[PDB]
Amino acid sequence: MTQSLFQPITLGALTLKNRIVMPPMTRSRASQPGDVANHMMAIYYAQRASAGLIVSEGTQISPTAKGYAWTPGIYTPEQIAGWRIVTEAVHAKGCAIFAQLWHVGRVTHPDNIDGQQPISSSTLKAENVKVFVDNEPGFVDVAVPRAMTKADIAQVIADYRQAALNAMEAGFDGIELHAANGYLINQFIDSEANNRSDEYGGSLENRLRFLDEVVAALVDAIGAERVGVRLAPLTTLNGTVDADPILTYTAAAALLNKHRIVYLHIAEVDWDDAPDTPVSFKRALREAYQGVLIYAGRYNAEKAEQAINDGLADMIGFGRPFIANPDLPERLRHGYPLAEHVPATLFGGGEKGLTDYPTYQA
């Protein structure tokens, strides 16, 4: 029935139109050279501004934080200006937008990071994990990362902190820390991906240290009311696996709650990796974290409404459906049929498969 889904909600200093979120979705359409957010991306996001909140596709915080060809960066003056075009376009439509600050850690190839060697919590390679390269050739197997030294850690935190400032300069309403889907921070969090012997490995407290320090920096830079964090407790598609996900992530949620981050975003499904997410686990997260809770992963109107009314979620993200339906909210509200996206145009290319999905017309 969707009544709650269409109720507004306060997100820090923002008052959002509804509970629908356009989750972060890499489309790899950044202008070359320079990986700059561009005009077609601005049109793309503005077309979907009826969402209550838009979270931008992952945007790398540095040259070595990139994992896929043509993804937009947020560290150069040009990239900031490029993103500004996007946020202004989105704001002109009346919608809030957060920048997803990204660092892929070991999920990359030297070709995508100026020949450099990928960094990670440890020297563990992601099993059968491929990334894309060039400016095109194709997919290639990820490389072997090198364990991050204390200097590396201080640098990445620095890059995250500056990226946050750059996001504000770019006009974003806030930032989302990508600590999910097997990327850098996730590589510290999950036990089976972190084999460090120092303060950033071993115990649960140590495995959460990097997340704690990065968030501390982000909050210090732009305020907790403008900081969101994304986690992926149960999925493992990109190579990260935890030994006790339920405990690790309930703890992570409690930790983030202390930082008073504005929202916690849970990535429940990653492609066809949809692990059963116990309602009991969801209720524990609801108690561990008291802010705005967002979930994304195979939701339809019914399941979204039910998640909100059961007290499990405050907002719900719809990813793939938003790709093919710029007016997704209107369709969900009326029960109009949803167009399906074309996998072949998800990444790279131009406007085709990006801005030419029409709004609904009976």
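One-based numbering along the sequence shown.
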Original post:
Should the segment between residue 135 and residue 136 be described as having none, 1 to 3, 4 to 9, or 10 or more unmodelled residues of the deposited sequence?
Top reply: 1 to 3
Subject >> Of 350-358 and 19-27, the stretch whose C-alpha atoms average the higher B-factor in the entry >> reply: 350-358
Original post:
According to the deposited model, is the average Cα temperature factor higher in 90-98 or in 124-132?
Top reply: 124-132
Original post:
Whose C-alpha has the highest temperature factor in the PDB entry: 201, 174, 82, 73?
Top reply: 201
Subject >> Highest recorded Cα temperature factor - choice among 116, 162, 257, 181 >> reply: 116
Original post:
Comparing residue 67 with the other modelled residues of its chain, is its CA B-factor in the lowest, middle or highest third?
Top reply: middle
**OP:** Ordered by C-alpha B-factor within the chain, which third holds residue 196? Give me lowest, middle or highest, please.
**Re:** highest
Original post:
If you rank every modelled residue in this chain by C-alpha B factor, which third holds residue 106: lowest, middle or highest?
Top reply: highest
**OP:** Sorting the chain's modelled residues by C-alpha B-factor, tell me whether residue 241 ends up in the lowest, middle or highest third.
**Re:** highest
**OP:** Give the position of residue 217 by CA B-factor within its chain, expressed as the lowest, middle or highest third.
**Re:** highest
